[PDB]
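Next comes just one chain, in structure tokens: the form deposited in one PDB entry.
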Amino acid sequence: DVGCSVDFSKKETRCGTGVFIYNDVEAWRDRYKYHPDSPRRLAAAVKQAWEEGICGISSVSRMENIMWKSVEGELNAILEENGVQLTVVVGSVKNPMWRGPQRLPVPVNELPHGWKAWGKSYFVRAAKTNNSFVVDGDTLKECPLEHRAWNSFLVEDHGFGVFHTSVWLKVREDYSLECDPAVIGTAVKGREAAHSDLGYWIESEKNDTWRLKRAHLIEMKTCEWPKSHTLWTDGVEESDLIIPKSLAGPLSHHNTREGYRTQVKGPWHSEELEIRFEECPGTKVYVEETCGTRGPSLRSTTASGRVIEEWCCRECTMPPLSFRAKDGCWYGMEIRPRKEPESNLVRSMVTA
């Protein structure tokens, strides 16, 4: 990779070989195609899974859901044309994207019909059938999470990633609990580190020790960050990782901070989350030894919009840990209201 950079603290400039890591979270990437292997093979796999009793799918990330939405209609058309009666219906992703115990089997043979749908870009109708292969969506009662598949697709190549911008996939053969390595990038240079993938951008710094600086999450996954793509992965205890290991947080020393423990019960139901170590607007935080213990994260403002003004923490170190979302400004587990009834506090919905 031949490329350049322009420093912002200073203004030095230089171009030359190396390794370049790009922030695709705030950039919002671009339009993509997401060719899930051979649409015929995907149709055969979904039919075979339906035979076994796999009633639906829960997207692991926000690219798989978009791929399913894109190929919905054309998969339905392929199914109708063949001697198969099954409808694929998709929906909206609800965070956090929970786990599933099933995997889509790889078909032994392709369906016996013409393969004119390679790259099918939707734009086709089909007849509705009673039995449906629900994907994501609010079809919880219809298809319980028990019989739902999860993490079955494996990125293969990035053919024509400059202008076409297509990410090709294929159904994986072996069981795994691991996130996709192909879209992960980690880097450290001097006193700045950054772990990231298509939806996570974590930043760490050095101040007498390596610690967490800032994080921007546009989704809440549940896979496991691979160890081969994380820095300093020895002697680390899981009780100190700010982003729990159950939400795809690196198992690393850069993933911690002094005075804080695992944030397992935060506002993980939001759509966009930014972790900033700074006081919530209009509120003050102090360290007192009489403050309460750790519990669910609470929002700064009440239901009617009134702002709370005094907060306390037991052992946290300023500046505090606060989550920023479209709903408002939240606070960490260690930070509790100084004096306020629990009625007006909007606890986060527990994530189990």
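Don't overthink the numbering: it's just position in the shown sequence, from 1.
What follows is about the form deposited with a partner chain bound, which we do not show.
Contact annotation for residue 170: none of its heavy atoms lies within 4.5 Å of the partner chain in the deposited bound form. Although the partner is absent here, residue 176 sits close enough that one of its heavy atoms falls within 4.5 Å of the partner chain in the deposited bound form. None of the heavy atoms of residue 138 is located within 4.5 Å of the partner chain in the deposited bound form. A residue is said to contact a partner when one of its heavy atoms sits within 4.5 Å of a partner heavy atom; residue 224 meets this definition for the partner chain in the deposited bound form. Only one of 117, 77, 104, 275 comes within 4.5 Å of the partner chain in the deposited bound form through a heavy atom, and that residue is 104.
Residues placing heavy atoms within 4.5 Å of the partner chain in the deposited bound form fall in a single listed stretch, namely 224-232, out of 224-232, 88-96, 127-135, 277-285.
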